[PDB]
file query-v2.txt (compact mmCIF, C-alpha atoms and all ligand atoms)
# COMPACT_ATOMS: atom_id res chain seq x y z
CA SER A 1 90.97 144.25 86.00
CA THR A 2 91.27 144.59 82.22
CA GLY A 3 93.44 143.27 79.43
CA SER A 4 94.19 144.42 75.90
CA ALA A 5 96.08 142.52 73.21
CA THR A 6 96.77 143.12 69.54
CA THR A 7 95.59 140.46 67.11
CA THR A 8 97.40 140.09 63.78
CA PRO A 9 96.36 138.38 60.52
CA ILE A 10 98.44 135.29 59.80
CA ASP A 11 98.65 136.06 56.07
CA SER A 12 97.71 138.57 53.39
CA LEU A 13 94.15 137.18 53.13
CA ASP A 14 93.17 137.46 56.82
CA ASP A 15 92.70 133.68 56.89
CA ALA A 16 92.98 133.81 60.69
CA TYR A 17 94.26 136.12 63.41
CA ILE A 18 96.83 135.33 66.10
CA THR A 19 97.16 136.98 69.49
CA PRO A 20 100.15 136.55 71.82
CA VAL A 21 99.36 134.73 75.07
CA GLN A 22 101.71 134.28 78.03
CA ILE A 23 101.60 130.79 79.56
CA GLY A 24 103.50 129.62 82.61
CA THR A 25 106.35 130.89 84.76
CA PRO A 26 108.64 132.20 83.36
CA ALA A 27 106.25 133.22 80.60
CA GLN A 28 106.15 131.17 77.41
CA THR A 29 104.53 133.30 74.73
CA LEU A 30 102.48 131.44 72.12
CA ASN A 31 100.43 132.99 69.33
CA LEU A 32 96.92 131.64 69.67
CA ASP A 33 93.85 131.84 67.45
CA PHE A 34 91.13 133.41 69.62
CA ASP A 35 87.99 131.50 68.68
CA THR A 36 84.57 132.69 69.85
CA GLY A 37 83.17 129.52 68.25
CA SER A 38 84.88 127.03 70.56
CA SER A 39 85.76 126.64 74.21
CA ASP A 40 89.14 124.91 74.55
CA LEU A 41 92.49 126.58 75.12
CA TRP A 42 94.89 124.13 73.51
CA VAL A 43 98.51 124.49 72.48
CA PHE A 44 101.27 122.82 70.55
CA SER A 45 103.55 121.44 73.22
CA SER A 46 106.60 119.41 74.14
CA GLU A 47 104.17 116.45 74.12
CA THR A 48 103.02 116.92 70.52
CA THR A 49 104.11 114.11 68.21
CA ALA A 50 107.35 115.44 66.74
CA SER A 51 106.42 114.75 63.11
CA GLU A 52 103.26 116.87 63.58
CA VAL A 53 105.18 120.00 64.65
CA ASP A 54 106.45 122.16 61.78
CA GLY A 55 107.61 125.56 63.00
CA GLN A 56 105.08 126.22 65.76
CA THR A 57 106.15 127.57 69.12
CA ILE A 58 105.55 124.89 71.76
CA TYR A 59 104.52 125.10 75.39
CA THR A 60 106.80 123.02 77.62
CA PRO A 61 105.00 122.46 80.94
CA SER A 62 108.11 120.94 82.54
CA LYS A 63 109.78 124.37 82.27
CA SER A 64 106.92 126.20 84.02
CA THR A 65 107.12 126.34 87.80
CA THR A 66 103.37 127.02 88.00
CA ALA A 67 102.27 124.16 85.72
CA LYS A 68 100.42 121.27 87.32
CA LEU A 69 99.18 118.16 85.56
CA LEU A 70 95.39 117.94 85.72
CA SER A 71 95.54 114.26 86.55
CA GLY A 72 93.44 111.97 84.37
CA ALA A 73 92.13 114.79 82.20
CA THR A 74 92.11 114.43 78.42
CA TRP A 75 90.63 116.44 75.60
CA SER A 76 89.78 115.85 71.97
CA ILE A 77 88.24 118.29 69.52
CA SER A 78 87.21 118.42 65.88
CA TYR A 79 86.46 121.64 64.03
CA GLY A 80 84.20 122.53 61.13
CA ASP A 81 86.85 121.86 58.47
CA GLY A 82 87.53 118.34 59.72
CA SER A 83 90.73 119.34 61.51
CA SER A 84 91.32 117.92 64.96
CA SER A 85 93.61 117.77 67.97
CA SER A 86 93.76 115.95 71.28
CA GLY A 87 95.92 115.47 74.34
CA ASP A 88 96.17 115.92 78.09
CA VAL A 89 95.74 118.92 80.38
CA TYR A 90 97.77 121.13 82.69
CA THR A 91 96.68 124.05 84.79
CA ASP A 92 98.93 127.07 84.60
CA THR A 93 98.99 130.85 84.73
CA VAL A 94 97.74 132.41 81.50
CA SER A 95 97.93 136.11 80.68
CA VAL A 96 96.45 138.03 77.76
CA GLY A 97 97.44 141.64 77.31
CA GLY A 98 98.03 142.22 81.03
CA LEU A 99 95.03 140.20 82.31
CA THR A 100 96.07 137.13 84.31
CA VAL A 101 94.18 133.94 85.20
CA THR A 102 95.81 131.49 87.56
CA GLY A 103 94.85 127.84 87.32
CA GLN A 104 93.68 128.07 83.71
CA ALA A 105 93.28 124.73 81.97
CA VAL A 106 95.93 124.59 79.23
CA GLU A 107 95.21 121.65 76.95
CA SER A 108 98.49 120.22 75.69
CA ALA A 109 98.24 118.57 72.28
CA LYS A 110 99.67 115.11 71.86
CA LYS A 111 98.24 114.90 68.33
CA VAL A 112 97.16 117.50 65.78
CA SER A 113 95.77 116.97 62.31
CA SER A 114 97.63 117.93 59.15
CA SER A 115 95.99 121.34 58.69
CA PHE A 116 97.35 122.45 62.06
CA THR A 117 100.83 121.07 61.35
CA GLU A 118 100.83 122.88 58.00
CA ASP A 119 100.05 126.28 59.58
CA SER A 120 103.32 127.26 61.23
CA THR A 121 101.84 130.58 62.43
CA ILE A 122 99.15 129.19 64.77
CA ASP A 123 100.47 127.79 68.05
CA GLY A 124 97.04 126.77 69.32
CA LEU A 125 93.53 128.04 69.98
CA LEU A 126 92.03 130.08 72.81
CA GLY A 127 88.32 129.36 72.96
CA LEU A 128 85.88 132.12 73.87
CA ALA A 129 82.50 130.43 73.38
CA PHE A 130 80.61 129.18 76.42
CA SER A 131 82.32 126.70 78.72
CA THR A 132 79.56 124.13 78.13
CA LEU A 133 81.39 123.31 74.86
CA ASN A 134 84.74 122.59 76.54
CA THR A 135 85.90 119.08 75.69
CA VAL A 136 88.00 118.23 78.77
CA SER A 137 86.98 114.92 80.34
CA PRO A 138 86.08 113.81 82.94
CA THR A 139 85.99 117.30 84.51
CA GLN A 140 84.93 119.98 82.04
CA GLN A 141 87.03 123.14 82.22
CA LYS A 142 86.25 126.85 81.96
CA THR A 143 87.41 129.20 79.23
CA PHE A 144 89.90 131.97 79.90
CA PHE A 145 87.07 134.51 79.74
CA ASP A 146 84.85 132.49 82.08
CA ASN A 147 87.69 132.29 84.60
CA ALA A 148 88.52 136.00 84.30
CA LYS A 149 84.94 137.28 84.23
CA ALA A 150 84.35 137.89 87.94
CA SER A 151 87.60 139.88 88.22
CA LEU A 152 86.99 142.12 85.20
CA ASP A 153 85.76 145.69 85.52
CA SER A 154 82.83 144.69 83.29
CA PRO A 155 82.08 141.06 82.30
CA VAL A 156 82.77 141.59 78.60
CA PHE A 157 85.35 141.17 75.90
CA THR A 158 85.48 142.92 72.54
CA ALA A 159 86.75 141.92 69.12
CA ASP A 160 88.00 144.64 66.78
CA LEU A 161 89.51 142.70 63.89
CA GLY A 162 91.41 144.56 61.19
CA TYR A 163 91.07 144.31 57.44
CA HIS A 164 94.50 143.27 56.16
CA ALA A 165 95.82 144.90 59.33
CA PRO A 166 96.11 144.20 63.06
CA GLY A 167 93.24 144.71 65.46
CA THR A 168 92.50 144.37 69.16
CA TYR A 169 90.94 142.03 71.72
CA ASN A 170 89.99 143.85 74.92
CA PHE A 171 88.82 142.22 78.13
CA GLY A 172 86.81 143.95 80.81
CA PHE A 173 86.11 147.30 79.16
CA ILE A 174 84.63 148.89 76.07
CA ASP A 175 86.96 151.28 74.24
CA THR A 176 84.57 154.07 73.26
CA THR A 177 87.17 155.50 70.86
CA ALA A 178 87.26 152.31 68.77
CA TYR A 179 83.92 152.63 66.97
CA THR A 180 81.63 155.19 65.36
CA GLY A 181 78.04 155.87 66.32
CA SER A 182 76.45 153.64 68.93
CA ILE A 183 76.66 149.95 69.79
CA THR A 184 73.47 148.04 69.07
CA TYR A 185 72.99 145.10 71.40
CA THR A 186 71.06 142.01 70.39
CA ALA A 187 69.91 138.92 72.24
CA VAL A 188 72.08 135.81 72.52
CA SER A 189 71.00 132.21 72.87
CA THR A 190 73.53 130.05 74.71
CA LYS A 191 71.54 126.86 74.08
CA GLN A 192 74.12 125.49 71.63
CA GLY A 193 77.09 126.93 73.54
CA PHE A 194 77.79 129.64 70.95
CA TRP A 195 77.38 133.41 70.76
CA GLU A 196 74.23 132.75 68.75
CA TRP A 197 72.04 135.64 67.64
CA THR A 198 69.54 136.62 64.95
CA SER A 199 70.40 139.14 62.27
CA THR A 200 67.44 141.15 61.03
CA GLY A 201 68.28 140.90 57.33
CA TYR A 202 70.64 142.00 54.60
CA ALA A 203 71.29 144.17 51.57
CA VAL A 204 73.59 143.74 48.57
CA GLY A 205 75.56 146.77 47.43
CA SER A 206 73.35 149.83 47.11
CA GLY A 207 70.20 147.69 47.13
CA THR A 208 67.31 148.02 49.51
CA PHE A 209 67.23 146.06 52.75
CA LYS A 210 65.60 142.61 52.87
CA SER A 211 64.05 142.03 56.30
CA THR A 212 64.55 138.37 57.22
CA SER A 213 65.69 136.58 60.36
CA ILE A 214 69.12 134.96 60.05
CA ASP A 215 70.08 132.90 63.09
CA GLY A 216 73.83 132.46 63.29
CA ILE A 217 76.92 132.56 65.47
CA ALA A 218 79.56 135.25 65.95
CA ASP A 219 82.70 133.18 65.32
CA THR A 220 86.14 134.82 65.24
CA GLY A 221 87.64 131.40 64.48
CA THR A 222 85.92 131.12 61.09
CA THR A 223 87.42 133.03 58.17
CA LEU A 224 84.36 133.61 55.99
CA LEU A 225 80.70 134.61 56.21
CA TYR A 226 78.38 131.60 55.81
CA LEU A 227 74.74 132.44 55.13
CA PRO A 228 71.66 130.69 53.67
CA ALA A 229 71.93 129.67 50.02
CA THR A 230 69.15 132.11 49.09
CA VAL A 231 71.08 135.08 50.49
CA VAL A 232 74.40 133.93 49.04
CA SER A 233 72.91 133.43 45.58
CA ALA A 234 71.37 136.92 45.69
CA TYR A 235 74.82 138.34 46.47
CA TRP A 236 76.83 136.49 43.82
CA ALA A 237 74.17 137.09 41.17
CA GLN A 238 75.38 140.71 41.19
CA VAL A 239 78.93 139.72 40.14
CA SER A 240 79.40 138.92 36.45
CA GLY A 241 80.87 135.46 36.04
CA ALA A 242 80.43 134.39 39.65
CA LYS A 243 79.28 130.83 40.14
CA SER A 244 79.32 128.05 42.70
CA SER A 245 82.00 125.47 41.92
CA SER A 246 81.67 122.05 43.51
CA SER A 247 85.28 121.22 42.59
CA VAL A 248 86.65 124.36 44.24
CA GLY A 249 84.22 124.15 47.17
CA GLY A 250 82.18 127.32 46.92
CA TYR A 251 81.46 130.49 45.01
CA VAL A 252 84.26 131.75 42.80
CA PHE A 253 84.34 134.92 40.75
CA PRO A 254 86.64 136.51 38.16
CA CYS A 255 89.56 138.20 39.86
CA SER A 256 88.97 141.14 37.48
CA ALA A 257 85.67 141.94 39.24
CA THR A 258 85.01 144.67 41.78
CA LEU A 259 82.67 143.27 44.40
CA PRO A 260 79.58 144.90 45.88
CA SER A 261 79.33 145.50 49.60
CA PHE A 262 77.15 143.34 51.82
CA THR A 263 75.07 144.77 54.67
CA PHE A 264 73.72 142.77 57.60
CA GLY A 265 71.15 143.91 60.13
CA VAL A 266 71.67 144.10 63.88
CA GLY A 267 68.28 145.09 65.22
CA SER A 268 67.44 148.32 63.42
CA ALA A 269 71.15 149.02 62.87
CA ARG A 270 73.29 148.00 59.89
CA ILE A 271 76.87 146.81 59.45
CA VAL A 272 78.27 147.32 55.95
CA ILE A 273 80.98 144.91 54.78
CA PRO A 274 82.95 146.61 51.96
CA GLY A 275 83.17 144.62 48.75
CA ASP A 276 86.95 144.29 49.02
CA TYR A 277 86.52 142.35 52.29
CA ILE A 278 84.75 139.61 50.29
CA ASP A 279 87.73 139.00 47.95
CA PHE A 280 89.84 136.03 49.08
CA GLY A 281 92.10 136.07 46.05
CA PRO A 282 93.13 133.47 43.51
CA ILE A 283 91.87 129.94 44.14
CA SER A 284 95.45 128.77 43.45
CA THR A 285 98.61 130.72 42.74
CA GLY A 286 98.40 132.58 39.44
CA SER A 287 94.74 131.78 38.82
CA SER A 288 92.35 134.43 37.55
CA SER A 289 89.49 132.76 39.44
CA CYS A 290 89.08 134.18 42.93
CA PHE A 291 87.44 132.71 46.01
CA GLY A 292 84.46 134.46 47.52
CA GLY A 293 84.22 135.56 51.13
CA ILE A 294 80.48 134.92 51.38
CA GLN A 295 79.57 131.25 51.08
CA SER A 296 76.56 129.04 51.64
CA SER A 297 75.90 127.57 55.07
CA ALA A 298 73.65 124.89 53.57
CA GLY A 299 76.00 122.02 54.33
CA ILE A 300 76.97 123.34 57.78
CA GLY A 301 73.68 123.38 59.68
CA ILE A 302 74.26 126.87 61.10
CA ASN A 303 74.97 130.33 59.74
CA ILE A 304 78.37 131.71 60.71
CA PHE A 305 79.26 135.39 61.05
CA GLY A 306 82.97 134.77 60.70
CA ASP A 307 85.84 137.19 60.26
CA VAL A 308 84.55 138.64 56.96
CA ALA A 309 81.54 140.00 58.85
CA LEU A 310 83.08 140.65 62.26
CA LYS A 311 86.03 142.65 60.93
CA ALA A 312 83.59 145.23 59.55
CA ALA A 313 82.40 145.91 63.11
CA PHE A 314 83.40 146.57 66.67
CA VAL A 315 81.88 143.57 68.44
CA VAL A 316 81.01 143.33 72.15
CA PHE A 317 80.73 139.85 73.66
CA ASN A 318 78.77 140.68 76.82
CA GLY A 319 79.04 137.85 79.34
CA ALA A 320 76.68 139.35 81.91
CA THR A 321 74.16 137.07 83.62
CA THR A 322 72.06 137.40 80.47
CA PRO A 323 74.64 137.45 77.65
CA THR A 324 74.19 139.74 74.67
CA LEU A 325 76.17 140.75 71.59
CA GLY A 326 76.86 144.32 70.57
CA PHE A 327 77.82 145.59 67.12
CA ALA A 328 79.01 149.04 66.10
CA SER A 329 80.33 150.41 62.85
CA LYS A 330 83.92 151.61 62.83
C1 LIG B 1 80.88 121.31 59.35
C2 LIG B 1 80.14 121.65 60.20
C3 LIG B 1 79.16 122.09 61.33
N1 LIG B 1 79.92 122.70 62.46
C4 LIG B 1 80.89 121.74 62.98
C5 LIG B 1 80.63 123.95 62.03
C6 LIG B 1 81.26 124.59 63.27
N2 LIG B 1 82.53 124.98 63.42
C7 LIG B 1 82.88 125.52 64.59
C8 LIG B 1 84.41 126.03 64.90
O1 LIG B 1 85.13 125.03 65.43
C9 LIG B 1 84.38 127.04 65.74
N3 LIG B 1 85.23 128.28 65.13
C10 LIG B 1 85.78 127.87 64.01
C11 LIG B 1 87.32 127.55 63.95
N4 LIG B 1 88.03 127.07 62.95
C12 LIG B 1 89.32 126.99 63.33
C13 LIG B 1 90.40 126.53 62.62
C14 LIG B 1 91.64 126.93 63.05
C15 LIG B 1 92.78 126.49 62.39
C16 LIG B 1 92.67 125.65 61.30
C17 LIG B 1 93.91 125.16 60.57
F1 LIG B 1 94.13 123.84 60.91
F2 LIG B 1 93.71 125.25 59.19
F3 LIG B 1 95.01 125.91 60.94
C18 LIG B 1 91.42 125.23 60.87
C19 LIG B 1 90.29 125.66 61.51
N5 LIG B 1 88.98 125.21 61.02
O2 LIG B 1 88.62 125.52 59.93
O3 LIG B 1 88.29 124.55 61.69
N6 LIG B 1 89.42 127.43 64.56
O4 LIG B 1 88.17 127.79 64.97
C20 LIG B 1 85.10 126.53 63.60
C21 LIG B 1 81.88 125.62 65.55
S1 LIG B 1 80.46 124.96 64.77

call {"tool": "encode", "arguments": {"input": "query-v2.txt", "output": "structure tokens"}}
result
Amino acid sequence: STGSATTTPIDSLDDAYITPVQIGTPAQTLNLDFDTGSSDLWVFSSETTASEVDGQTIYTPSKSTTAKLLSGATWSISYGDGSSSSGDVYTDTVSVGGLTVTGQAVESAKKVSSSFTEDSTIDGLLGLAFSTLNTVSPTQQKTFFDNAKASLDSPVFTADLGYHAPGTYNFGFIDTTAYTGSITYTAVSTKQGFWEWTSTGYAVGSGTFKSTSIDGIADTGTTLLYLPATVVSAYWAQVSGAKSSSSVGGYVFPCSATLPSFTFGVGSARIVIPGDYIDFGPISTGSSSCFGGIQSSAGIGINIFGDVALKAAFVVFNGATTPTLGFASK
């Protein structure tokens, strides 16, 4: 089997991408944030505290003839920004772009933190990291991809995120028309439950390439590119007026600037992020100070190849017995 679904930016900055997902019978379509950095499929629901729902589409398990309570199961998750959600668990039929998993764990939120409530466009998350990170207790549950994998034509999914435009998540096949050149595959460590890999280095703008190992994760659920402070300083040093602001929370730069590109290495191959992809616009409405799309990972503990990096590439998440990641230009 295969599936293919369009993913759409939630706003003009590409802060996140939402993909329609069919849950239950008859189908209830929710727009979920596909997150290769986590492993829970959770949704706003008829059980979510009413004051914490503000425009989201909710899953109502009582209206699904295929929903079954996973008795005694609870879940609770916290993300990198301090946001959080928790609740109980149903199993139900979940379909993405024509690919169907029966008995998928659908984690129904009883509580969500304010950042989720405030984002009316995200109805939940669909985790695509390794199932070892799934938070369901006392019986850990598998991701949608893990459940679908054996049925797929090839045990892979691909992320082709757009720049200020829709893109595509495919399951079970590689669309050879969606990228230029060849896909370079690179080794993955699953030891922390992520799609963790080692970039071979970087370049800023038209500069030469700096060969250096950068261990990080391919994370569709993170907006920006988080890299070591040395690398990030070398980038922003090329932008007149750019500086790190503790009050704003990262590197800012004059909105009047044109930004240099940023290249990262995948083996001997190179992915070039255009400068415009690094512009996240005014720090607040009407400001002439703009927020940068490349930020330091120093406080995080891990480097994160988030959407800023991934949207410059066609990315293969290969879930074969030995997982690998593939990157191609596009
Ligand atoms: C600090 C530290 C060290 N560690 C914990 C960093 C890590 N972080 C992760 C992830 O959880 C995996 N992918 C990312 C993700 N982020 C969101 C998301 C969605 C919606 C919202 C909204 F509420 F604003 F709508 C906010 C977020 N958000 O910023 O968390 N979804 O997925 C982050 C793995 S390791």

call {"tool": "closest_residue", "arguments": {"input": "query-v2.txt", "among": "A:209, A:305, A:75, A:44", "to": "residue 136 in chain A", "atoms": "all atoms listed in the file"}}
result
A:75

call {"tool": "atom_distance", "arguments": {"input": "query-v2.txt", "atom1": "CA of residue 314 in chain A", "atom2": "CA of residue 158 in chain A"}}
result
7.2 Å

call {"tool": "axis_aligned_box", "arguments": {"input": "query-v2.txt", "around": "range 121-124 of chain A", "padding_each_side": "3 Å", "output": "lines of an AutoDock Vina configuration file"}}
result
center_x = 99.4
center_y = 128.7
center_z = 65.9
size_x = 10.8
size_y = 9.8
size_z = 12.9

call {"tool": "residues_around", "arguments": {"input": "query-v2.txt", "residues": "residue 245 in chain A", "least_positions_apart": "2", "cutoff": "12 Å", "atoms": "all atoms listed in the file", "output": "PyMOL selection string"}}
result
chain A and resi 241-243+247-253+283+289-292+295-296

call {"tool": "write_last_selection", "arguments": {"input": "query-v2.txt", "atoms": "C-alpha atoms", "output": "PDB file, in the frame of the given file"}}
result
ATOM      1  CA  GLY A 241      80.870 135.460  36.040  1.00  0.00           C
ATOM      2  CA  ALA A 242      80.430 134.390  39.650  1.00  0.00           C
ATOM      3  CA  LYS A 243      79.280 130.830  40.140  1.00  0.00           C
ATOM      4  CA  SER A 247      85.280 121.220  42.590  1.00  0.00           C
ATOM      5  CA  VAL A 248      86.650 124.360  44.240  1.00  0.00           C
ATOM      6  CA  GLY A 249      84.220 124.150  47.170  1.00  0.00           C
ATOM      7  CA  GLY A 250      82.180 127.320  46.920  1.00  0.00           C
ATOM      8  CA  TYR A 251      81.460 130.490  45.010  1.00  0.00           C
ATOM      9  CA  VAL A 252      84.260 131.750  42.800  1.00  0.00           C
ATOM     10  CA  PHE A 253      84.340 134.920  40.750  1.00  0.00           C
ATOM     11  CA  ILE A 283      91.870 129.940  44.140  1.00  0.00           C
ATOM     12  CA  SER A 289      89.490 132.760  39.440  1.00  0.00           C
ATOM     13  CA  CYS A 290      89.080 134.180  42.930  1.00  0.00           C
ATOM     14  CA  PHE A 291      87.440 132.710  46.010  1.00  0.00           C
ATOM     15  CA  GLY A 292      84.460 134.460  47.520  1.00  0.00           C
ATOM     16  CA  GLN A 295      79.570 131.250  51.080  1.00  0.00           C
ATOM     17  CA  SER A 296      76.560 129.040  51.640  1.00  0.00           C
TER      18      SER A 296
END

call {"tool": "closest_atom_pairs", "arguments": {"input": "query-v2.txt", "of": "chain A", "to": "ligand LIG 1 (chain B)", "cutoff": "10 Å", "atoms": "all atoms listed in the file", "output": "JSON lines"}}
result
{"residue": "A:15", "atom": "CA", "partner": "B:LIG1", "partner_atom": "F2", "distance": 8.8}
{"residue": "A:16", "atom": "CA", "partner": "B:LIG1", "partner_atom": "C14", "distance": 7.4}
{"residue": "A:17", "atom": "CA", "partner": "B:LIG1", "partner_atom": "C14", "distance": 9.6}
{"residue": "A:32", "atom": "CA", "partner": "B:LIG1", "partner_atom": "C14", "distance": 9.7}
{"residue": "A:33", "atom": "CA", "partner": "B:LIG1", "partner_atom": "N6", "distance": 6.9}
{"residue": "A:34", "atom": "CA", "partner": "B:LIG1", "partner_atom": "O4", "distance": 7.9}
{"residue": "A:35", "atom": "CA", "partner": "B:LIG1", "partner_atom": "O4", "distance": 5.2}
{"residue": "A:36", "atom": "CA", "partner": "B:LIG1", "partner_atom": "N3", "distance": 6.5}
{"residue": "A:37", "atom": "CA", "partner": "B:LIG1", "partner_atom": "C9", "distance": 3.7}
{"residue": "A:38", "atom": "CA", "partner": "B:LIG1", "partner_atom": "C9", "distance": 4.8}
{"residue": "A:39", "atom": "CA", "partner": "B:LIG1", "partner_atom": "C9", "distance": 8.6}
{"residue": "A:40", "atom": "CA", "partner": "B:LIG1", "partner_atom": "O1", "distance": 10.0}
{"residue": "A:77", "atom": "CA", "partner": "B:LIG1", "partner_atom": "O1", "distance": 8.5}
{"residue": "A:78", "atom": "CA", "partner": "B:LIG1", "partner_atom": "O1", "distance": 6.9}
{"residue": "A:79", "atom": "CA", "partner": "B:LIG1", "partner_atom": "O1", "distance": 3.9}
{"residue": "A:80", "atom": "CA", "partner": "B:LIG1", "partner_atom": "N2", "distance": 3.7}
{"residue": "A:81", "atom": "CA", "partner": "B:LIG1", "partner_atom": "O2", "distance": 4.3}
{"residue": "A:82", "atom": "CA", "partner": "B:LIG1", "partner_atom": "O3", "distance": 6.6}
{"residue": "A:83", "atom": "CA", "partner": "B:LIG1", "partner_atom": "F1", "distance": 5.7}
{"residue": "A:84", "atom": "CA", "partner": "B:LIG1", "partner_atom": "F1", "distance": 7.7}
{"residue": "A:85", "atom": "CA", "partner": "B:LIG1", "partner_atom": "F1", "distance": 9.3}
{"residue": "A:112", "atom": "CA", "partner": "B:LIG1", "partner_atom": "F1", "distance": 8.5}
{"residue": "A:113", "atom": "CA", "partner": "B:LIG1", "partner_atom": "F1", "distance": 7.2}
{"residue": "A:114", "atom": "CA", "partner": "B:LIG1", "partner_atom": "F1", "distance": 7.1}
{"residue": "A:115", "atom": "CA", "partner": "B:LIG1", "partner_atom": "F1", "distance": 3.8}
{"residue": "A:116", "atom": "CA", "partner": "B:LIG1", "partner_atom": "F1", "distance": 3.7}
{"residue": "A:117", "atom": "CA", "partner": "B:LIG1", "partner_atom": "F1", "distance": 7.3}
{"residue": "A:118", "atom": "CA", "partner": "B:LIG1", "partner_atom": "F3", "distance": 7.2}
{"residue": "A:119", "atom": "CA", "partner": "B:LIG1", "partner_atom": "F3", "distance": 5.2}
{"residue": "A:120", "atom": "CA", "partner": "B:LIG1", "partner_atom": "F3", "distance": 8.4}
{"residue": "A:121", "atom": "CA", "partner": "B:LIG1", "partner_atom": "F3", "distance": 8.4}
{"residue": "A:122", "atom": "CA", "partner": "B:LIG1", "partner_atom": "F3", "distance": 6.5}
{"residue": "A:123", "atom": "CA", "partner": "B:LIG1", "partner_atom": "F3", "distance": 9.2}
{"residue": "A:124", "atom": "CA", "partner": "B:LIG1", "partner_atom": "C15", "distance": 8.1}
{"residue": "A:125", "atom": "CA", "partner": "B:LIG1", "partner_atom": "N6", "distance": 6.8}
{"residue": "A:126", "atom": "CA", "partner": "B:LIG1", "partner_atom": "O4", "distance": 9.0}
{"residue": "A:127", "atom": "CA", "partner": "B:LIG1", "partner_atom": "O4", "distance": 8.1}
{"residue": "A:128", "atom": "CA", "partner": "B:LIG1", "partner_atom": "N3", "distance": 9.6}
{"residue": "A:129", "atom": "CA", "partner": "B:LIG1", "partner_atom": "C9", "distance": 8.6}
{"residue": "A:133", "atom": "CA", "partner": "B:LIG1", "partner_atom": "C21", "distance": 9.6}
{"residue": "A:192", "atom": "CA", "partner": "B:LIG1", "partner_atom": "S1", "distance": 9.4}
{"residue": "A:193", "atom": "CA", "partner": "B:LIG1", "partner_atom": "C21", "distance": 9.4}
{"residue": "A:194", "atom": "CA", "partner": "B:LIG1", "partner_atom": "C21", "distance": 7.9}
{"residue": "A:217", "atom": "CA", "partner": "B:LIG1", "partner_atom": "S1", "distance": 8.4}
{"residue": "A:218", "atom": "CA", "partner": "B:LIG1", "partner_atom": "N3", "distance": 9.0}
{"residue": "A:219", "atom": "CA", "partner": "B:LIG1", "partner_atom": "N3", "distance": 5.5}
{"residue": "A:220", "atom": "CA", "partner": "B:LIG1", "partner_atom": "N3", "distance": 6.6}
{"residue": "A:221", "atom": "CA", "partner": "B:LIG1", "partner_atom": "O4", "distance": 3.7}
{"residue": "A:222", "atom": "CA", "partner": "B:LIG1", "partner_atom": "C10", "distance": 4.4}
{"residue": "A:223", "atom": "CA", "partner": "B:LIG1", "partner_atom": "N4", "distance": 7.7}
{"residue": "A:224", "atom": "CA", "partner": "B:LIG1", "partner_atom": "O2", "distance": 10.0}
{"residue": "A:297", "atom": "CA", "partner": "B:LIG1", "partner_atom": "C2", "distance": 8.9}
{"residue": "A:298", "atom": "CA", "partner": "B:LIG1", "partner_atom": "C2", "distance": 9.8}
{"residue": "A:299", "atom": "CA", "partner": "B:LIG1", "partner_atom": "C1", "distance": 7.0}
{"residue": "A:300", "atom": "CA", "partner": "B:LIG1", "partner_atom": "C2", "distance": 4.3}
{"residue": "A:301", "atom": "CA", "partner": "B:LIG1", "partner_atom": "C3", "distance": 5.9}
{"residue": "A:302", "atom": "CA", "partner": "B:LIG1", "partner_atom": "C3", "distance": 6.8}
{"residue": "A:303", "atom": "CA", "partner": "B:LIG1", "partner_atom": "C5", "distance": 8.8}
{"residue": "A:304", "atom": "CA", "partner": "B:LIG1", "partner_atom": "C6", "distance": 8.1}
{"residue": "A:306", "atom": "CA", "partner": "B:LIG1", "partner_atom": "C10", "distance": 8.2}

call {"tool": "atom_distance", "arguments": {"input": "query-v2.txt", "atom1": "CA of residue 215 in chain A", "atom2": "CA of residue 168 in chain A"}}
result
25.9 Å

call {"tool": "closest_residue", "arguments": {"input": "query-v2.txt", "among": "A:170, A:29, A:256, A:184", "to": "residue 6 in chain A", "atoms": "only C-alpha atoms"}}
result
A:170

call {"tool": "residues_around", "arguments": {"input": "query-v2.txt", "residues": "residue 321 in chain A", "least_positions_apart": "4", "cutoff": "12 Å", "atoms": "all atoms listed in the file", "output": "ChimeraX atom specification"}}
result
/A:146,149-150,154-156,188,190

call {"tool": "residues_around", "arguments": {"input": "query-v2.txt", "residues": "residue 214 in chain A", "least_positions_apart": "2", "cutoff": "7 Å", "atoms": "all atoms listed in the file", "output": "list in words"}}
result
residues 198, 199, 200, 201, 212 and 216 of chain A

call {"tool": "residues_around", "arguments": {"input": "query-v2.txt", "residues": "residue 312 in chain A", "least_positions_apart": "5", "cutoff": "9 Å", "atoms": "only C-alpha atoms", "output": "list in words"}}
result
residues 160, 161, 162, 163, 271, 272, 273, 274, 277, 307, 328, 329 and 330 of chain A

call {"tool": "decode", "arguments": {"input": "query-v2.txt", "residues": "range 69-73 of chain A", "atoms": "N, CA and C atoms", "output": "PDB file, in the first residue's frame"}}
result
ATOM      1  N   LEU A  69     -12.283   2.321  23.608  1.00  0.00           N
ATOM      2  CA  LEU A  69     -11.444   2.819  24.685  1.00  0.00           C
ATOM      3  C   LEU A  69     -10.318   1.830  24.929  1.00  0.00           C
ATOM      4  N   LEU A  70      -9.095   2.336  25.007  1.00  0.00           N
ATOM      5  CA  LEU A  70      -7.955   1.526  25.424  1.00  0.00           C
ATOM      6  C   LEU A  70      -7.944   1.626  26.941  1.00  0.00           C
ATOM      7  N   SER A  71      -8.552   0.638  27.594  1.00  0.00           N
ATOM      8  CA  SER A  71      -8.887   0.766  29.006  1.00  0.00           C
ATOM      9  C   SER A  71      -7.640   0.930  29.857  1.00  0.00           C
ATOM     10  N   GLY A  72      -7.668   1.933  30.730  1.00  0.00           N
ATOM     11  CA  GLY A  72      -6.591   2.198  31.657  1.00  0.00           C
ATOM     12  C   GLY A  72      -5.424   2.960  31.090  1.00  0.00           C
ATOM     13  N   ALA A  73      -5.433   3.255  29.799  1.00  0.00           N
ATOM     14  CA  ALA A  73      -4.291   3.883  29.158  1.00  0.00           C
ATOM     15  C   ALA A  73      -4.391   5.397  29.280  1.00  0.00           C
TER      16      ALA A  73
END
